[PDB]
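[1] This one's a deposited entry, sequence included:
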Amino acid sequence: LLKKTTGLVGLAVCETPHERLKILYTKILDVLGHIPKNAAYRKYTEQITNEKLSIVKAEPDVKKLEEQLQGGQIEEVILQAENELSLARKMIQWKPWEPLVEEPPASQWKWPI
Amino acid sequence: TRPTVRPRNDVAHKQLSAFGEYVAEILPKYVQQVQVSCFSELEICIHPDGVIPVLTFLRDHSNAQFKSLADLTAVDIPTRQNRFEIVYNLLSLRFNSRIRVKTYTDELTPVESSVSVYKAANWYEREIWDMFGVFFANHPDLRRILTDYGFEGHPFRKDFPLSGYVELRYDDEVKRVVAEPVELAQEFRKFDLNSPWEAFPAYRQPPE
Amino acid sequence: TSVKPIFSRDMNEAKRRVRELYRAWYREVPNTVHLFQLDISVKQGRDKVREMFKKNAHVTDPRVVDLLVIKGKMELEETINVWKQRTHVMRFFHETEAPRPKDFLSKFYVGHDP
Amino acid sequence: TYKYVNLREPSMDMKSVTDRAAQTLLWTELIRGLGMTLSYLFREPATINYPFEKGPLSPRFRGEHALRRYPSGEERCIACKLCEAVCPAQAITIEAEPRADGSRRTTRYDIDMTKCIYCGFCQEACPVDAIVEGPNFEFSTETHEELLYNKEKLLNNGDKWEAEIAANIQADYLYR
Amino acid sequence: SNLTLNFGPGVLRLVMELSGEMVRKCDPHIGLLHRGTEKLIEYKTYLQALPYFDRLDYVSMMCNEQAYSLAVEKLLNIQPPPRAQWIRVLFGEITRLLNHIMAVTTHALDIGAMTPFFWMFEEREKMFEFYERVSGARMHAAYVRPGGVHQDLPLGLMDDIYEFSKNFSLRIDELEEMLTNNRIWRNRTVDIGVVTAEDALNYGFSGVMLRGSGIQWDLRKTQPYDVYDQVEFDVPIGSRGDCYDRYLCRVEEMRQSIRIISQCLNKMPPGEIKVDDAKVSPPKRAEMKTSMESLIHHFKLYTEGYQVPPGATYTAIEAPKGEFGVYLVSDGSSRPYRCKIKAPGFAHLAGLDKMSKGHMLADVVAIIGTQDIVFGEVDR
Amino acid sequence: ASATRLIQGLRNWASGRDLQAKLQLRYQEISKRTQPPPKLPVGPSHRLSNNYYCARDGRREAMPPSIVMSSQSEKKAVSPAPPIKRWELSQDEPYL
Amino acid sequence: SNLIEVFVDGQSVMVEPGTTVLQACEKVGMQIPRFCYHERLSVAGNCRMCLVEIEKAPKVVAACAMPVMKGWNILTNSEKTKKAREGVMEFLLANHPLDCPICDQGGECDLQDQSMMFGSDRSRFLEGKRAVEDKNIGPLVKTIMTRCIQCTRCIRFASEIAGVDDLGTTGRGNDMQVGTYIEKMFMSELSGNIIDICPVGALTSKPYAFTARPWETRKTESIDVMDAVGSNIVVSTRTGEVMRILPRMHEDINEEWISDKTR
Amino acid sequence: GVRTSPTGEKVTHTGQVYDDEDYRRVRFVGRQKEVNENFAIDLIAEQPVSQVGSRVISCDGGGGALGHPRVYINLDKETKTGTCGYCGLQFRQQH
Amino acid sequence: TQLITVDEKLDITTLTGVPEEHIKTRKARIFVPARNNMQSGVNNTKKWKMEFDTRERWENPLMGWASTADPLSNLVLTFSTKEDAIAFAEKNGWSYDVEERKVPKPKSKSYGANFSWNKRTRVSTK
Ligand SMILES: CCCCCCCCCCCCCCCCCC(=O)OC[C@H](COP(=O)([O-])OCC[N+](C)(C)C)OC(=O)CCCCCCCCCCCCCCCCC
Ligand code: SF4
Ligand code: SF4
Ligand code: SF4
Ligand code: SF4
Ligand code: FES
Ligand SMILES: [K+]
Ligand SMILES: [Zn+2]
């Protein structure tokens, strides 16, 4: 129907939201395959990305895709997919599935003192 | 317990406990404690090396989306060897939720600045420099924001006194506002208000 | 005993940063006396800079002298940019403050302070 | 549950384009603003004639402090120091002793009116309605220490304003 | 090279780096009203700490009272009575009218439109009469307290609030006649201070500063407090993120505040106004002077104060300037261990440097107007 | 209220509104400055029986925060709450 | 060892045989409310504020007097313990005078404090109160006996520590009055400690009377020099002026008492 | 019941007067020492002793909730009257 | 490596902004506060406190108020253990003195001892 505005300032209307979400979700899965399988970030993000990708592949309509992705406008769903891709690329470098780097001191989180 | 007692929200308590488990198992490298208060607020107590990886997670993960930095706070607790408790209050508008991320430092260990995650932090941790003396590494313009320009000390430290060490007056000899050691015409009257009877048995600490 | 540094790995890099901060203050003192139109000399302001550096001369911790260099750079940034007024520059010179009793006997005469 | 301020697309027929061109060239909204200013020119202004006319106040009004008495001349203050305990500014300084008939009475009741935040926590903490924050607000001074009230000043304020203070308390004590 | 203008000492210091007419850098120096409020709070009881909140956003007094009261009541695990909650929502929206009159009319006064200032401050004087009739003070009421409100409404106050509210929309209409369609007012606001939605979220903006950019967020709707889920109102949403849509959002929030005030006047319930836990709220003076327990509780609440159970909350409201938060830490005693005050104007004035880039020097006073900045809450 | 009808008509024409119906100056329509005395109600804890304070003690039902994780399968990924419901446009006045 | 195992709120603790319920709860850091119990006086068991539930026992026990049996689970925070405390506090405050603003005990009053902590927040007493004739026991102890809650710490102190046997209870029932029954002057060398151990404002310091108030006093821990005992004291000052002298607990010197010269 | 020191300075109801050699009298030079001349210790002595036929009397200071907390005064001593600790009104059992 | 080894004593006195007179002439006192003997409650004897030596309080010439020139006259710090207080005092260059915690020793209480057959611990009244 070619939505005129997203309503959010600085968030332009995406012309082809379905193909853009398919590209972003397969790119998230490609980046996310470089994480070990036992990492919870990989399991959880593959789970939610496969759910969103199946919803995108199942719905031709743009408005109904917005109501069942449940993330607002379709352009901020695209923006969140970009943020998840950037996050996964950072999580490869951080490697935060590793064990805890240091225990806190024994009364560090004791409240009240 | 209906009229005068605050009603407990068990649904939000269960949801925030599940999301705290979620954050603790996605990021076990930095998460030290996860707790949910009885009024249903989630606290993620982390190691200070994970200021940037945890906050970037909560900002960017599709199940978190904590896009708003509501507040950034230090708390001085002098009985801890890491006396400063750095507190991040985050708002997810997508999931209509708030989270608290807590870490710690002493006087000499720098905390990594989170301006690359939230630009909102730019003044807040700058305030934490001014009020508490916590240095933030890789901050763009870290300097004082609230105290006077030549101010010595960090006022919100609990060993800093209520009235300071200096006070100002106009001196007409030097034609200038001058700083002198503080003398009060009336001393602030310290009130010892604490009852010697225990108020809350649920918060009783185990004895020695 | 393994702590995280601020800028300096040891005391030599720390003394390097102290030394560069002293160079910058030494260069800045004549401009500070000029544009704040101070009633002190350049020699007197440089003596005050030397006094403030020698006051902290006993410190052997690299993180503490890193924070001292950071705070000295903040004071210098507040001086070069006209963020301080003349009053803040002259607060280093405690001119309206009467000299404190130094020896035992005059402190005995004036009051109870040790 | 939300509305869009400023999401109107203007009509592009020749009627509306000519309307906007006439507004641009003939200054129509400017004449509208001049009409509204001219409309207030012919209204009666809201100006009261101070000091002959006064701004309206309630009997709850928090003004100048006063120490009150019983209807026998005995002062109400029994030196309990609740008002200085609750005083958020620590504006109240109290010293007390038994006086010559053994009564628990103050020897010092100071209110620094320049520390005072005029919030009335002292009059609501007072168990005997001794300290009140009365109705006077016209007590500006020429010197700072004239606003450092001792017990004699506060008892004279009570004796000065009691005919008004008692009637204001009479109008409001059932809300307290 | 480029010009450096030090606009010296609400009160604000500004360090401008200008390149002719354009603004290259805006450095706001603050702390000119830093009073160390939240260090003073640590040496006072919770009741004693309450009047500091009147003096932070000093055009939004009872809203900050409400935020601090909600924080303390959350840590105390008690709830106010329903009439207290309706009085808090009524006076919170009266307070919102006060703040948006202050915001819009001083923002017009700083641009040059000086007359609707004088028109709307008489309405503001009548609302200060409402504060004075309910508490005894025109501005710093100390009225909304942890546990409810201090004192019940005097008889005849709701009729006068009705008589104010019945006429106030015409005052908004003539303000809007002076400014909204005025081409001079539009030239000073329409392309000025454009904030994208993502930058407004990232820079910690809240309130109208989000809603002017199209972000559908209002804490009275999303995270509702006292009885805001029982009142019906709309949330004005901007479309261009500029000074003009934020102006229109504040005008329409005055409209919706009048709507909420009508609903509060019609739905005010009977009952008590403090929580009937006398270990938190002080008893009535007639029973204080009659009952032994009531006198003991009066004594201890006005000298020690109530003990708050240990813990930390972040309690936020939709104040008229945005999200007003208290991060309150109790150690178990009757005094706050820590009270961090989150003000909207702090992050808004931090975002002033991005908002002023590419604009003129006369646009900066308009951007400092559209960010509703009171330096009491900015500096604490 | 004391304005003559010529000035009143000029004023209503210049504003474009009926100004006498909604005057910004207050008159006899406001409440009396002397009111009858109130009789304020009491709360729910003003009872002579079944009113033990331990059955209504709010501060003593506050608990320490439940430690979810401490450092001393195919489970579903969770969010801190369900996603926020999309706001509906105003039926009252959408400006559409 | 012959230690027996008891339970305070489920927590195990090993106590000596003959340990009371109150002392067993003290070993896990729980202070049971009390008025007549004092750990340096003999056990009276008559204020009934220490009543606590032992589980699987359908009657509260006086924790100051009851020895623990092996295997008791002491329920310090259960519902009927709290109801017992609220009922006993209600009876203590039924006839107690509304004197807290004019009473010197206010702010440092056990009755005020554990009325706040363990009692109800309001009154059901719709009657007139008793009023007791004041006694004259000397120039040191001001006596306002309407405030007396009849805990008999007076009498046990004067009998057991001061060795005087001049205080007692005359009468019977609600008319039972603590006093000397005659115009007799209680002037021991240790007579000022009944000001300390009186939990209420019935026995106050006549020199300290009306002058200060405990929240505004600064507490300086110091030493007596009035003799060679070296009694540990608190000098309580206010705005740079010495208000009074209280004892400090030193178990090996002055256990928690001071002489009247010291005081 | 105000009186006057030999310096000419009025003595307050507390009993405060500066000494003759005290410099702080200079604050009243050209100005006045504000004293209240309604001494409460003299005005409560002017009240007559209330003769009542009860053994215990109650006083709230008059006005109900406008007075002080209601206290109960024993009147068993016939040597001394029973004085209210708040308002200073004194009572006597008439038998 | 990203961690350095500092074997020096922890000293932050040059960073706290405290003037030298209120570092080297003050005596911090580290102590568990004594129980107010007006009351039997012991909840104020649970934590360690750090206070400083009381300096001069004099009479204000105008009002008679207590004037002070001591900035540290109201500074009372709370610590969970003695060692935390000692570490905080040594970190700030404060010369300190520590009083040990005085606990009340366990008493032997027997209500039956009030009514003994042959001991002096009989009460003469009850
Ligand atoms: C003796 C009395 C003298 C004064 C008379 C007026 C008194 C009252 C004045 C009240 C207002 C004062 C406001 C002060 C500020 C003014 C600002 C302002 O208006 O700026 C000017 C504004 C500026 O408009 P703007 O820039 O705001 O509007 C946007 C315009 N675009 C989109 C193009 C960028 O208007 C003008 O420039 C108009 C100039 C005057 C034109 C006069 C009418 C000419 C009509 C000719 C006939 C046309 C017929 C159609 C075509 C066919 C022709 C054959
Ligand atoms: S009004 Fe408030 S600040 Fe003023 S004396 Fe009373 S309690 Fe203190
Ligand atoms: S609260 Fe009232 S009675 Fe108590 S000291 Fe203050 S003024 Fe006097
Ligand atoms: S003894 Fe305690 S409860 Fe009784 S009047 Fe005195 S302070 Fe109040
Ligand atoms: S006067 Fe005090 S110590 Fe003596 S029995 Fe009565 S309440 Fe107990
Ligand atoms: S304490 Fe056991 S009954 Fe008094
Ligand atoms: K006593
Ligand atoms: Zn009386």
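    Now that the structure is in, tell me what you want to look at. Numbers count the residues shown, from 1 in each chain, chains lettered A, B, ... in the order given. Ligands and ions are numbered 1, 2, ... in the order given.
[2] so what's the backbone phi/psi at the residue in chain C positioned nearest to chain D?
    Across chain C, the shortest distance to chain D (Cβ to the nearest Cβ) belongs to residue C:96, at 21.4 Å. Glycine gets a C-beta too; all of them are placed from N, C-alpha and C. Residue C:96 has phi and psi values of phi -80, psi -10 when expressed as degrees, to the nearest 10.
[3] right, is the longest helix seen in chain D up against ligand 2?
    Criterion DSSP state H: the longest helix present in chain D is helix D:151-172. No: Helix D:151-172 lies apart from ligand 2 when judged by Cβ under 6 Å from any ligand atom; the minimum separation is 10.2 Å.
[4] Convert that helix to CSV, retaining C-alpha atoms only.
    C-alpha atoms of helix D:151-172 as CSV (Å, rounded to 0.1, in the frame of the first residue of the first chain):
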residue,chain,number,x,y,z
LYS,D,151,11.2,33.3,72.4
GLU,D,152,10.3,36.9,73.3
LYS,D,153,9.6,37.8,69.6
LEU,D,154,7.6,34.6,69.1
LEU,D,155,5.5,35.1,72.2
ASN,D,156,4.9,38.7,71.2
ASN,D,157,3.8,37.5,67.7
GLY,D,158,1.4,35.1,69.5
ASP,D,159,0.0,37.9,71.7
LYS,D,160,-0.1,40.1,68.6
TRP,D,161,-1.9,37.7,66.2
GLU,D,162,-3.8,35.4,68.6
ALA,D,163,-7.2,36.9,67.7
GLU,D,164,-6.6,35.8,64.1
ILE,D,165,-4.6,32.6,64.8
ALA,D,166,-7.3,31.1,67.0
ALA,D,167,-10.0,31.8,64.5
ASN,D,168,-7.9,30.3,61.7
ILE,D,169,-7.3,27.2,63.8
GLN,D,170,-11.0,27.1,64.6
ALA,D,171,-11.7,27.0,60.9
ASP,D,172,-9.2,24.2,60.1
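[5] who touches residue E:114 in this structure?
    residue E:108 (Cβ atoms under 8 Å, 6 or more residues apart in numbering or on different chains).
[6] That one and ligand 8, how far apart?
    To ligand 8, residue E:114 is 59 Å away according to Cβ to the ion, to the nearest Å.
[7] what residues are up against residue 17?
    No chain in the question, so chain A it is. Going by Cβ under 8 Å, 6+ apart, residue A:17 touches A:62, A:65, A:74, A:75, A:77, A:78.
[8] oops, chain I please
    B:151, B:152, B:153, B:154, B:160, B:165.
[9] circling back to that earlier point, hmm, who's touching the longest helix of chain D?
    D:59-61, D:64-69, D:75, D:106-111, D:129, D:131-132, D:134-136, D:149, E:154, F:34-35, H:12, H:14, H:34-36, H:38, H:66.
[10] Same question for it: list its buried residues.
    D:151-159, D:161-162, D:165-166, D:168-169, D:171-172 (16 or more other Cβ atoms under 10 Å in any protein chain shown).
[11] Give me the phi and psi angles of the residue in chain A positioned nearest to ligand 6.
    Nearest to ligand 6, among the residues of chain A, is residue A:112, at 28.3 Å (Cβ to the nearest ligand atom). Phi and psi for residue A:112, reported as degrees, to the nearest 10, are phi -80, psi 170.
[12] Hmm, residue E:338 and it touching each other?
    No: counting by Cβ atoms under 8 Å, residue A:112 sits too far from residue E:338 to count as a contact (11.8 Å).
[13] what about residue H:71, how many neighbours?
    Look at residue H:71: counted by other Cβ atoms under 10 Å in any protein chain shown, it has 22 neighbours.
[14] before we move on, what about residue D:84?
    24.
[15] contacting residues for it?
    D:90, D:92, D:93, D:94, D:122, G:216.
[16] rerun that using 6 Å as the cut-off
    Applying Cβ atoms under 6 Å, 6 or more residues apart in numbering or on different chains to residue D:84 gives the contacts D:92, D:94.
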